[PDB]
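K.L.:
Begin with these chain(s), straight out of the complex:
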Amino acid sequence: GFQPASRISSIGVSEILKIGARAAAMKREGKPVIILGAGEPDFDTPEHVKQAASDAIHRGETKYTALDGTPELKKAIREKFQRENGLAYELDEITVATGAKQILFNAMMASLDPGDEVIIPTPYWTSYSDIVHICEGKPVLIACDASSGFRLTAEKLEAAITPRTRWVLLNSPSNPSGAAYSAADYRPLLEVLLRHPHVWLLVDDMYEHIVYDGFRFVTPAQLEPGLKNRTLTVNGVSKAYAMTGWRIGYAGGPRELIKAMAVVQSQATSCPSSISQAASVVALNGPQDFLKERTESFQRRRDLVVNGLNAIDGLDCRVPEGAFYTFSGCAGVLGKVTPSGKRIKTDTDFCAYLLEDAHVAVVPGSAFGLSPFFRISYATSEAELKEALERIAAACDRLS
């Protein structure tokens, strides 16, 4: 009889998976369901990156690499940080792993002891707290509502820090709100952190290259040199280059942390795929102009969803600054009754109604730690979004 380790005892089944399972069963019943939960861009890997992978395969780059990345890829990353972020890292301050997921995992495994706290602003994707839990740490969730654009404030950060705080997670743009920090937004938070030298910064910049309206992306180790010696700047090719299947993430940070992360990586995975690494060299080093057209395509779909929802009675949707999610408010539908007699008390109730009665799957704000809201991923076709918006509107109009 199998007995799971205690370290996974606090990891449950995500509400997102439960929703996915219900939608899947409904399809088996013969009920087509639109699921608005895409977690990867609906673009392919760029052709020149595909060709670089094929060339590496042909040349026989099929052997183990250096544990935490080829020198060539580390140099491509160093150049990316300098070119794109005005951020200077040495080669021994750079690490490469199997996705940004493993970057985050390695960093927590390399640092957290039982009871160590990690401050996580919400709304947030629970994947972050599951990583903290398996490393025996304590997630400390800090709710940030629309009044601060879903962003952490200096006052809330200061009040959240305790003797056990080891990290603060700063993820911008984020899943599910799409909120991004400008330099003005970051500065008061970095001032707080300058006064807390034992608190390290876990910076997740994965949506850097999906930002809208001309937003100038910045990152804390760039803005505040006084925090560079305790910041892990996490990034990767998954979202920027539509390379989620390739599993390459990377980071820049202090050499002693990078060294500890390599100890974890040596136990967990050894080196990431040599083929994906070779692909990622050319993703970073090659032409970048194609990113503009993809951003414009995402932004057109952002506007479609935001404007669609703000034409529906009961909903109020802010304009996300980046990533490919909307996090619309739905306070206006609470208290209404469905045609079948059900009272809509929570955003959970509302999303369950949209699923069963409108055959559209969205995720309630309750699952991300802030209500009353719901998340749409618009990394899908304009046609599917238009149909889903029509169904959501019709279902909202049937509430009374």
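P.N.:
Noted; the coordinates are in hand. Numbers count the residues shown, from 1 in each chain, chains lettered A, B, ... in the order given.
K.L.:
which residues sit in contact with residue A:44?
P.N.:
residue A:242 (CB atoms under 8 Å, 6 or more residues apart in numbering). Yep, even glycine has a C-beta here, placed from its N, CA and C like the rest.
K.L.:
next one: phi and psi at it?
P.N.:
When read as degrees, to the nearest 10, the backbone of residue A:44 gives phi -90, psi 160.
K.L.:
do you know how far it is from residue A:246?
P.N.:
12 Å (CB to CB, to the nearest Å).
K.L.:
do residue A:50 as well
P.N.:
10 Å.
K.L.:
Those two: which has the busier surroundings?
P.N.:
Ranked by neighbour count (other CB atoms under 10 Å), residue A:50 and residue A:246 place residue A:246 first, with 23 against 14.
K.L.:
where along chain A do the strands fall?
P.N.:
A:34-35, A:94-97, A:117-122, A:138-143, A:165-171, A:200-204, A:231-236, A:249-252, A:325-329, A:360-361, A:363-364, A:373-377 (DSSP state E).
K.L.:
Now render those strands as TSV, adding distance to residue A:310.
P.N.:
Output for these, formatted as TSV (distance: least, CB to CB, whole Å):
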stretch	distance to residue A:310
strand A:34-35	20
strand A:94-97	40
strand A:117-122	24
strand A:138-143	24
strand A:165-171	26
strand A:200-204	29
strand A:231-236	33
strand A:249-252	35
strand A:325-329	8
strand A:360-361	17
strand A:363-364	19
strand A:373-377	13
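K.L.:
and the ones you listed as TSV, adding distance to residue A:264 and mean neighbour count?
P.N.:
Shown next, in TSV, are those (distance: least, CB to CB, whole Å; neighbours: other CB atoms under 10 Å):
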stretch	distance to residue A:264	mean neighbour count
strand A:34-35	34	21
strand A:94-97	9	27
strand A:117-122	16	24
strand A:138-143	19	18
strand A:165-171	15	23
strand A:200-204	15	23
strand A:231-236	13	26
strand A:249-252	13	28
strand A:325-329	30	25
strand A:360-361	36	22
strand A:363-364	31	24
strand A:373-377	31	27
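K.L.:
follow-up on the earlier one: now the common contact residues for residue A:50 and residue A:246.
P.N.:
Residues touching both residue A:50 and residue A:246 (CB under 8 Å, 6+ apart): residue A:279.
K.L.:
What is the helix ranked longest in chain A packed up against?
P.N.:
The longest helix of chain A (DSSP state H) is helix A:290-309. Applying 3 or more CB pairs under 8 Å, 6 or more residues apart in numbering; DSSP states H and E, one finds that helix A:290-309 contacts strand A:325-329, helix A:382-398.
K.L.:
The longest one packs against which elements?
P.N.:
In terms of contact count using 3+ CB pairs under 8 Å, 6+ apart, helix A:382-398 is assigned the packing partners strand A:34-35, helix A:290-309, helix A:347-358, strand A:360-361.
K.L.:
shouldn't residue A:278 be in contact with residue A:56?
P.N.:
Yes: assessed by CB atoms under 8 Å, residue A:278 is found in contact with residue A:56 at 3.5 Å.
K.L.:
here's chain B, drop it onto the model above:
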Amino acid sequence: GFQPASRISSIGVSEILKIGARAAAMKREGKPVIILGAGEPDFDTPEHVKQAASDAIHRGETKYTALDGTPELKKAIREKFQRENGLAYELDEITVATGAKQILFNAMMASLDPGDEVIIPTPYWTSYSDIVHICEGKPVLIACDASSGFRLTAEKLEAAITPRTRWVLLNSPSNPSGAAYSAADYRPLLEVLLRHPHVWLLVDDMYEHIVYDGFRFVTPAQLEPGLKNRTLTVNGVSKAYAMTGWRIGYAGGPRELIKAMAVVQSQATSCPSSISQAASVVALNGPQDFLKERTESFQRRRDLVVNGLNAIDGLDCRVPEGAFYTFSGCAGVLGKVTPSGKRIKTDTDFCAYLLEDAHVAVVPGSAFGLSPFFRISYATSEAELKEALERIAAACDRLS
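P.N.:
Placing chain B onto the earlier chains gives this:
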């Protein structure tokens, strides 16, 4: 300053890496050291496997897959276990990870609580005990000397089992010994394990397809159906297909352990590379005849090393059954003096003399937990092996 987590406090630097670094420095100095430490086969990924990868890239198989493997790869693994090992595993009993390294890591992370014991027969590679350490377990090392062919015996396994024993590691063929368990070798251990239902079997079959002399490969869950509900059968494409850089390992085992491993994998890596998975489908489903020529090439090189060492007074080398390592005794050189006046007291001293004065780098048995021996990897060219054996013989002749 950075404080590493307690969970890596027992993981140090491997003596193998220190030896490789010193050998590498000598070569930079113009001393043409032959380093006999290859841990991957010196063949390339088969052409048809390369083509399948390039085809999958071109088709756009660049997205996240199912967390623990595509249905196509799980089906190919299911057929491999049935066709090659007579083992019947369901789809929910199969998992795919970033190398067999991650299979082992996930299994230990999913099961071990602090203080849980894992029995590790020695001679062993400390990579196994490092994994147990980072999962907060206690490696229980059981030395198996040449009198049992470097294999675990029933009496030693029975004596080593305690209430806290969670796993016994059964790795056949072995790095560093090259020894493999026949059915007759396994049977008394399996009889012991039937009497201890709390002990699970961690079966590392990675060198399955590098076995010699017509050896009939067998694996515990096939040999003893009464243990299949608590055996993890670990395997992978790295060694069989020369695909170490692609990072794909897999396992068959009880559904509840497979489920818990997926919880770990979701925090550590998400899915392994979609491209490597597609290559591995064809590695497993494709033609296997090429393995014959590779085995014959490996066996010729094995014979070079065994016969070469046994022509040197003071060395006694057993014939390995599989993998590409010899683990020769060197008791007959202990007590002798080098031309520079150093007395050779340990296999450590002997190997340092071979490095500095014969310009051949091998690893002493002390590094694997059994003396007096030394390990050679013969996954290199016959010419390089013949030259290395000449140098070892000359250096042994100069002893007094």
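K.L.:
what do you get for the contacts of residue A:44 once chain B is counted?
P.N.:
A:242, B:60, B:62 (CB atoms under 8 Å, 6 or more residues apart in numbering or on different chains).
K.L.:
Buried ones among those?
P.N.:
Buried subset of these (neighbour count, 16 or more other CB atoms under 10 Å in any protein chain shown): A:242, B:62.
K.L.:
Make CSV out of the contacts of residue A:44 and add distance to residue A:259.
P.N.:
Shown next, in CSV, are the contacts of residue A:44 (distance: CB to CB, whole Å):
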residue, distance to residue A:259
A:242, 32
B:60, 37
B:62, 32
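K.L.:
Closest one to residue B:37 out of the contacts of residue A:44, please.
P.N.:
residue B:62 (35.3 Å; CB to CB).
K.L.:
Mind listing residues that contact the longest helix of chain A?
P.N.:
The contact list for helix A:290-309 (CB under 8 Å, 6+ apart) reads A:41, A:43, A:46, A:209-213, A:240, A:242, A:315, A:317-320, A:324, A:326, A:328, A:376, A:378-380, A:382, A:385-386, A:389, A:392-393.
K.L.:
among the residues you listed, which are in reach of chain B?
P.N.:
Contacts with chain B within the contacts of helix A:290-309, counted by CB under 8 Å from any CB of the partner chain: residue A:242.
K.L.:
Can you tell me which residues in the stretch 51-200 of chain A are near chain B?
P.N.:
So the stretch 51-200 of chain A meets chain B at A:53-54, A:57-58, A:60-65, A:98-99, A:101-102, A:105, A:109-113, A:127, A:130-131, A:134-135 (CB under 8 Å from any CB).
K.L.:
cool, the stretch 201-350 of chain A as well?
P.N.:
Residues of the stretch 201-350 of chain A lying near chain B (CB under 8 Å from any CB): A:230, A:242-247, A:254, A:256-257, A:260, A:263-264, A:266-276.
K.L.:
hmm, 10 Å instead?
P.N.:
The interface of the stretch 201-350 of chain A toward chain B, taken as CB under 10 Å from any CB of the partner chain, is made up of A:229-230, A:238, A:241-249, A:253-261, A:263-279.
K.L.:
out of those, which are buried?
P.N.:
If we count by 16+ other CB under 10 Å, those have these buried: A:229-230, A:238, A:241-249, A:253-254, A:256-261, A:263-279.
K.L.:
Just the residues of the stretch 51-200 of chain A next to chain B: which are in helices?
P.N.:
Filtering these for helices - DSSP H - leaves A:53-54, A:57-58, A:99, A:101-102, A:105, A:109-111, A:127, A:130-131, A:134.
K.L.:
circling back to that earlier point, in ChimeraX, how would I select the buried members of the contacts of helix A:290-309?
P.N.:
Of these, the buried ones can be selected in ChimeraX as follows, counting by 16+ other CB under 10 Å:
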select /A:41,43,46,209,210,211,212,240,242,315,317,318,320,324,326,328,376,378,379,380,385,389,392,393
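K.L.:
which residues touch the closest residue to chain B within the stretch 101-250 of chain A?
P.N.:
Proximity of the stretch 101-250 of chain A to chain B (CB to the nearest CB) peaks at residue A:245, 3.2 Å away. For residue A:245, the contact set (CB atoms under 10 Å, 6 or more residues apart in numbering or on different chains) comprises A:40, A:45, A:238, A:276, B:56-57, B:60-65, B:271-278.
K.L.:
Fine by me, thanks again.
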